[PDB]
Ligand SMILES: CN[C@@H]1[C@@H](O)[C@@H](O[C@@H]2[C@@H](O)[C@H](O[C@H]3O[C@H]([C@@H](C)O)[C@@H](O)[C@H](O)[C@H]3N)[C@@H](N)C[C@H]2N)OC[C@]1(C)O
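Single chain ahead, written as structure tokens, the form deposited without ligand GET.
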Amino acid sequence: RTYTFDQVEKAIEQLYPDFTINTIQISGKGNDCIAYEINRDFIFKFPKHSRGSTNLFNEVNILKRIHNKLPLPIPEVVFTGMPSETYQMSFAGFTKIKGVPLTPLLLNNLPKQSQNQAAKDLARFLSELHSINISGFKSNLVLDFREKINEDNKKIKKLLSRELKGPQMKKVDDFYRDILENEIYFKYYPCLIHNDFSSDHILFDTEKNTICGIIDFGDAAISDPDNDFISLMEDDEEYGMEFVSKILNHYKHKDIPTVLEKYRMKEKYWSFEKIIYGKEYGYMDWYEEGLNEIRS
């Protein structure tokens, strides 16, 4: 799905007649939504597809129920859209978190005290998040990893049936079986996780040199807390293993080798993710990357 500035203003006016829009510009794109900065202070998200609308609905709900529970600012829900045939949530408007992404580059050019404070503040944020009680959240917010693996396996076997040689598809089937047979991916204490926890969602106040917010809870779910560390670990694009180690220890994690193992698994698994989502949407260049990584 695609939007003009006019369509965006029209959707909003339709449910918020008195809200007069003075300025509008595009703040960012993501995997699910286009984000619009409206009147300087609000960020509106419009969904590009069915799945993104579904995630936007869950974002709104999760953000409302963890409002004011966390030690870092997070977006607050101010405006809400509505259902549309195939879209659960037509748009949502949030408070804008001030600041700039704490990029790997930015982090490494900070002095060591601030670097270390940052690791501490991230650890504390994740410790609080992972400590929120999950008894009240519905079934759909829980992630069944076994179900995900098994459904991905079937999607891979259909999609690649004519791309891969027999022995290669055998190796793919082996890879999945090994994941399923290894209990380390399923035997965890589930909690609320961010599930997209990376440097571009970590906003930074470069005047105080401290982290001043966390954004994008679109993927937030009940799942494995180790995933919030793994997503920061990739050498380029994200932070080093050295810096996440600092976070893990502030967090008081007792099994960093397991986090490392899980990371290594997700690193291989990403190629299949690219194949599935490369087809499932429209980018045949994400499809071709994954396929090339498998054949490598």
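The first residue of the sequence shown is number 1, and the count goes up from there.
Absent from the display: the form solved in complex with ligand GET. The rest refers to it.
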Heavy atom within 4.5 Å of ligand GET in the entry with it bound - the one residue of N31, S50, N39, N249 that qualifies: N31
Which of 164-172, 117-125, 138-146, 191-199 lines the interface with ligand GET in the entry with it bound (heavy atom within 4.5 Å): 191-199
Complete contact of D152, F186 and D226 with ligand GET in the entry with it bound (any heavy atom, 4.5 Å): no
Contact flag, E261 vs ligand GET in the entry with it bound, heavy atom cut 4.5 Å: no
is_contact(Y16, ligand GET) in the entry with it bound, heavy atom dist at most 4.5 Å: no
Ligand GET contact at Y277 in the entry with it bound, heavy atom, 4.5 Å: yes
Touches ligand GET in the entry with it bound: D255 (any heavy atom, 4.5 Å): no
Residues in 250-275 with any heavy atom within 4.5 Å of ligand GET in the entry with it bound: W270
